[PDB]
Amino acid sequence: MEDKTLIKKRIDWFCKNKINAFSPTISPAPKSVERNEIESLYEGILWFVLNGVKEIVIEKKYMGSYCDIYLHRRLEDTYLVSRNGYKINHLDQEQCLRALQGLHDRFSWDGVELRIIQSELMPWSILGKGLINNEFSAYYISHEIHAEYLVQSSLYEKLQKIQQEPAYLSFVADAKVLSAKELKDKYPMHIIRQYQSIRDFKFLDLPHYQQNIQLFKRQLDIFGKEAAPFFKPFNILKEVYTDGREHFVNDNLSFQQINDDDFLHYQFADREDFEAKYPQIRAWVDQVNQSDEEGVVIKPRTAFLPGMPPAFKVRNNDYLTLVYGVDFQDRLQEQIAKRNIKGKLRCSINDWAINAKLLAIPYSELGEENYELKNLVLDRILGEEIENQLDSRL
Amino acid sequence: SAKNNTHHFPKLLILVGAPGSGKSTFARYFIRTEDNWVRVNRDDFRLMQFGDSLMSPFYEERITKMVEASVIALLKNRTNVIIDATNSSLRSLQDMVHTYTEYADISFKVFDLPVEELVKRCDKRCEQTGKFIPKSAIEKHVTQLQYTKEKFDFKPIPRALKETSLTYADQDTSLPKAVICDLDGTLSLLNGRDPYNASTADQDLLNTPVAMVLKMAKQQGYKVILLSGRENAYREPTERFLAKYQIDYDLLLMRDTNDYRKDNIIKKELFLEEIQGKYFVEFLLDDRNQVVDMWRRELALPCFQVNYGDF
Amino acid sequence: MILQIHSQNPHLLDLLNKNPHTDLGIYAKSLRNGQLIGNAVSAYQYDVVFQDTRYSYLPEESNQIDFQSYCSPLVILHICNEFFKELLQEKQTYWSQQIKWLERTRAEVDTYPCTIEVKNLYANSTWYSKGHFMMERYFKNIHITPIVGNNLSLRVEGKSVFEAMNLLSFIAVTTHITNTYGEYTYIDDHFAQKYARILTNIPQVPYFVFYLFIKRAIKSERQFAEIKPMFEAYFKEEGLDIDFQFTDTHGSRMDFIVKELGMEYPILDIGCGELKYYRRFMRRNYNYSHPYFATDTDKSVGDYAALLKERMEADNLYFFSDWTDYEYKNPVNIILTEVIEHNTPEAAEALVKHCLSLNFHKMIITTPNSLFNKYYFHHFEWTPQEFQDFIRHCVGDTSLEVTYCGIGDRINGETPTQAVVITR
Ligand SMILES: [Mg+2]
Ligand SMILES: [Mg+2]
Ligand SMILES: [Mg+2]
């Protein structure tokens, strides 16, 4: 998104459709090399503490597509918008709305014309594909094939036996001490070839491998299955009363008003209070392991704070395996050391900061000649292009 | 044909509105989404002077010469300019269209906001920066527009080159025919001499083509009159140069020694005391901008510029 | 990558130059990141396996969960050229060659039929559309079983081991240069020197395959210069007298146009399209000191040319969509490239005859030659015979100098584009 006329057109529609918010990207929590984790629960909550945020929420992150529900008083009038600034116009409107009336009946609607509500639409199926490519099933198969050979085969067995041979064993012990220059002097060219190769052959943990290989097929059976839309709402962003008067809710505790799921709410005051309450909190998220769940997110109780991020995601080991591939655990030290959320976190922060300014524009005033709205959007869009260049696995 | 050789010109967009009407906020989105556009803004020129708002008549007058110098420099470069209107008062708004209409297809966008939504973002603005606009100065502006809004359509007004038709002063044709020629930089190429210390002018070079105009004009009824802004003190290195090149002439007029006024106004004074009423000037040959402007604009005579002035 | 070589030949392993007794039949060599293991499973079966660690066949820079290492045709190219190099020898050399340890020749031993099974192969391309594999058409021992999307298992069969190995290698090199691998595609500047002979080491390979390889895998005109003789020779022993050229057909075309017309007269560009011919005459080296006239009957070009105009065309263009708006009366050179066949023949005659009426110096008309379409895989299409009769019909009485020539690769004297240069 950098051609001027397409942006110009994109923004025009955002205005016409009366969109009044725009989701942020969410960073993983900081890694903890210390704890051997690439997105660390600990390091995520601690980050919040040291930045002066001590009242925080930990909701459960669900596998679904993000949508902002524009929940009008008259419920027929309700629409949805996406992760980007797009009215979700396809999809069955009666199927949606029925799924939406559970929620709608949790509120009193006296002189309240509209509530804007952050929600996940379920499953990823209904909306986008999200994690399914025409080339995701391909990755998944290639590894399956490679395993169902390696189990059926002479190969591993033979190799392990060469690895016991006295000829080989001495050589390998010499190669620790000799300077290649030196072992070219001692061993013949073809011995160096054969024996270094068999030494450096990557053996695979074939059970742990094959098991990971179907963490991947579970994801592919959900996608291509029958599903009716189904919402899990998690934040009230803003209420438009019928006066014209708006309430910028700014409380991630509005979750409980609209979601009966379990979640965590903590008051810390002092950092070694946190240090003390942590092991319980870990014990709790440790339970967030189901097929439903990407993992958990850490949001601060106040939904918007200056310079603070909207949340930290902390994805559980199984979902990470889908993101990173079947060799993940086997490549963990590598991947952890390569991980860098700085800059994902900077966009996560700016994005949320824009949204606040967008939300602050009155619903009343949303329109094709609100050039402060249009500016705030172009702002967001530019920063969409910036953040799109980051590590795709964040 | 002519119908199909058509030329295109830079756009100037003028933003007409009360303070608070979202003039800026539009330009910010405009110059980011449209393509060949630069903004000019008066307040920013103020900030350069470290004043926050409305300053001395001194600064303010000068800032205008800057704004106009800037809008035009940009416009000449085939670059589009977006600028805030200076007011809403019809005649300054007209003054703008005069100034810039030689140069661009003008267009207008009006920011017509109701009086109290104009205060409700002027008092949410005036919490932002230091500035302030009362509920007086906003309304001289809001209604001022509603009146000049009524007696002028903010219609696009395509580039106007108005060709002041070249009309010369009316001369008594019975008088003798004559041509008038400058010395310094015209018939005499001073060539590294001091402009003002003309004591060594007998070793200047001859602008050969001008000479061949005087040498041709005197081959007819034309009297060849030389009018130099050189001091009369230096009159004898001067008619030393002239004879040297057989540039015979009927009349050499020179600047009073120790005069020192701008060389146009002494030449104009020279022209009226010594040439007008006594000659018929066919055309004049001068070099210096200031002086050719004098001849052409103040006295309406034909003046052929020989080389570049602007000094 | 998993390769299984099958043959009930008794001396199969000897032909692979792999010995079943050394280290349990195992033959190991690192290949990139990167272990390639050969496995004498029997006297009648060899299993090549590739175990990567990371990023051996797709750059880390892309963000894909990455699987090229398990299926890319390149790994196959590599397996061949490490493990089976002698199997990829020149056709003649190979057969009259001795096998060590047997006092017999390959022509004496490689005489049992052979089967290579590729467990998984990536073919992201037009040549693998709807379970249909392009080379299956031209090589019928090619046997595809789709897996998913852009992936399939292969089965390759031959009289010889040599025939099968050399066919598997042909599959790899063609699948690799037709494949699209993403933003990080890239064909190395040593690829063409390495694998070019593959195309010549099995018989009855179609011309268009060589076309692709030159166009997609050869990077310089002098890398090309050394492979051209090799190719021409190959087709000479298949009946066909082919003359390959490096450049695209379009562009051999453009080079020609610019060469002949020169820079001396203003250009009249009929059917100017996206004006690629305009931006060429404006290479600064050329010093074009004239206006440049252009028509497209389609007034969608109309708005585009009329988008420059934006001050960008500085500024000798005059587009016109109405022929009554062209009044330039001085001589022009006039370009009629690949447009007389994007409308009616009767409509063609009308346009051409008009152009011959206009005040011109040189005109070049360009149309496809249909005798060439038979070597591949818009309104009408003419043979050179048809086309010369069209020009003869349009020139008639007049005293012009008309010269023909073909443009592009030349197969049995026929090229893909044909052209005339009409001269006053
Ligand atoms: Mg720490
Ligand atoms: Mg959630
Ligand atoms: Mg002068």
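See the structure shown above.
Here we summarise the structure given alongside this text.

## Considerations on the overall build of chain C
Step number 1: Looking only at helices and strands, chain C features 14 helices and 16 strands.
Step number 2: Since a compact globule built from 424 residues should have a radius of gyration of about 22 Å, the 28 Å found for chain C marks it as more spread out than a globular shape.
Step number 3: Along the longest, intermediate and shortest principal axes, the C-alpha atoms of chain C span 90 × 50 × 40 Å.
Step number 4: Surface accessibility of chain C: about 19600 Å² in total, with carbon and sulfur atoms responsible for 48%.
Step number 5: Charge centroids of chain C, computed over 40 positive and 53 negative side chains, lie 3 Å from each other.

## What to know about the interface of chain A and chain B
Step number 1: Each partner contributes residues to the interface: chain A has 12 residues there, and chain B has 11 residues.
Step number 2: At the boundary of chain A with chain B, total buried surface from both sides reaches about 1100 Å², with 48% on carbon and sulfur atoms.
Step number 3: Joining chain A to chain B, the criterion identifies four salt bridges.
Step number 4: Where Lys109(B) meets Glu369(A), a salt bridge forms, and the shortest distance between an N and an O atom there is 3.3 Å.
Step number 5: Taken together, the connections running from chain A to chain B amount to seven residue pairs in polar contact.
Step number 6: Of all elements in the fold, only α1 (4-16) and α16 (371-387) of chain A reach the threshold of two or more residues within the side of chain A that touches chain B.
Step number 7: In terms of residue count, α16(A) provides more of the side of chain A that touches chain B than any other element does, seven residues in total.
Step number 8: Considered class by class, the residues forming the side of chain A that touches chain B number four nonpolar, one polar and seven charged.

## So, the coordination of the magnesium ion (ligand 3)
By definition of the ideal shapes, a tetrahedral metal site with four donors has angles of 109.5 degrees and an octahedral site with six donors has angles of 90 or 180 degrees.
All names here are of chain B.
Step number 1: Taken together, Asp-182 (OD), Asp-184 (O) and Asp-287 (OD) make up the protein donors of the magnesium ion (ligand 3), found 1.9 to 2.5 Å from the metal.
Step number 2: Expressed as a motif, the donor residue spacing for the magnesium ion (ligand 3) is D-x1-D-x102-D. One end of the pair, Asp-184, is in the loop between β5 (177-181) and β6 (188-189); the other, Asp-287, is in the loop between β10 (280-286) and α10 (289-298), with 103 residues separating them in the sequence. Here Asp-184 matches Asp-287 in class, with each residue buried.

## Remarks on helix α14 (residues 384-395) of chain C
Residue and element names in this part refer to chain C.
Step number 1: Given a rise of 1.5 Å per residue, 12 residues ought to cover 16 Å, and the 16 Å separating the end C-alpha atoms of α14 matches this to within 8%.
Step number 2: Along α14, the residues that are buried comprise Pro-384, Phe-387, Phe-390, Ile-391, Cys-394 and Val-395. One face of α14 carries all of its buried residues, which in axial projection span an arc of 125 degrees. Seen from the open side of α14, the exposed residues pointing more than 90 degrees away from its buried face are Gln-385 and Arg-392.
Step number 3: Among the structural elements, α13 (345-357), β13 (360-368), β14 (401-407) and β16 (417-423) are those in contact with the buried residues of α14.
Step number 4: Immediately beyond the C-terminal end of α14, within one or two residues, lies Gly-396, with a positive phi of roughly 55 degrees.

## A look at the sheet that holds strand β3 (residues 65-72) of chain A
All names here are of chain A.
Step number 1: The sheet built from five strands is open, its strands ordered β4-β3-β5-β6-β7 with antiparallel pairing. If you trace the sheet from one side to the other, it starts and ends with β4 (79-81) and β7 (246-247), each paired once.
Step number 2: Where β3 and strand β5 (residues 112-122) come together, eight bridges link them in antiparallel fashion. Looking at the pairing, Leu-71 lines up with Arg-115 of β5.
Step number 3: Contacting β5, β6 (230-241) and β7, helix α15 (residues 344-360) runs over the sheet at an angle of about 50 degrees to β6.

## Examining the pairing of strand β8 (residues 264-267) of chain A
Residues and elements named next belong to chain A.
Step number 1: Burial of β8 is one-sided: the residues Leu-264 and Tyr-266 facing one way are buried, the residues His-265 and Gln-267 facing the other way are not.
Step number 2: Here strand β2 (residues 55-62) pairs with β8 via four bridges, running antiparallel. Following the sheet pairing, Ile-56 is matched in β8 by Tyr-266.

## A closer look at the interface of chain A and chain C
How big an interface is tends to be expressed through the accessible area that disappears when the partners come together.
Step number 1: Contacts between the two partners involve 44 residues from chain A and, on the opposite side, 37 residues from chain C.
Step number 2: Carbon and sulfur atoms supply 59% of the area that chain A and chain C bury against each other, a total of about 3300 Å² over both sides.
Step number 3: The three residues of chain A that bury the most area against chain C are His146(A), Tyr149(A) and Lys158(A), which together make up 18% of that side's buried surface.
Step number 4: Linking chain A to chain C there are two salt bridges.
Step number 5: Measuring nitrogen to oxygen at the nearest pair gives 2.7 Å for the salt bridge that ties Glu60(C) to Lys338(A).
Step number 6: One can count 17 residue pairs in polar contact joining chain A with chain C.
Step number 7: The element contributing the most residues to the side of chain A that touches chain C is helix α5 (residues 136-150) of chain A, with 11 residues.

About the criteria used
- Residues numbered from 1 in each chain as written, not as in the entry; some residues may be left out.
- Chains lettered and ligands numbered in written order.
- Part of a larger assembly, values for the part shown.
- Heavy atoms only, no water.
- Helix = DSSP H or I, 4+ residues; strand = E, 2+ residues; numbered from the N terminus.
- Rg over C-alpha atoms; globule rule 2.2 N^0.38 Å.
- Areas by Shrake-Rupley, 256 points an atom, 1.4 Å probe, with all protein chains shown as cover.
- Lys, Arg positive; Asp, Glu negative; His and termini not counted.
- Charge placed at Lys NZ, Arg CZ, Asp CG, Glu CD.
- Contact = heavy atoms within 4.5 Å.
- Buried area = accessible area lost by both parts, 1.4 Å probe.
- Salt bridge = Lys/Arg side-chain N within 4 Å of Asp/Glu carboxyl O.
- Polar contact = N/O pair within 3.5 Å; in protein donor to acceptor, adjacent residues only side chain to side chain.
- Nonpolar A, V, L, I, M, F, W, Y, C, P; charged D, E, K, R; others polar.
- Donors = N, O, S within 2.8 Å, 3.2 Å for Na, K, Ca; no water.
- Buried < 20%, exposed > 50% of the residue type's maximum accessible area, 1.4 Å probe, protein only.
- Expected span 1.5 Å × (residues − 1).
- Arc of directions from axis to C-beta.
- Pairing = 2+ DSSP bridges.
- Axes fitted to C-alpha atoms, helices over the stretch in contact; angles between N-to-C directions.

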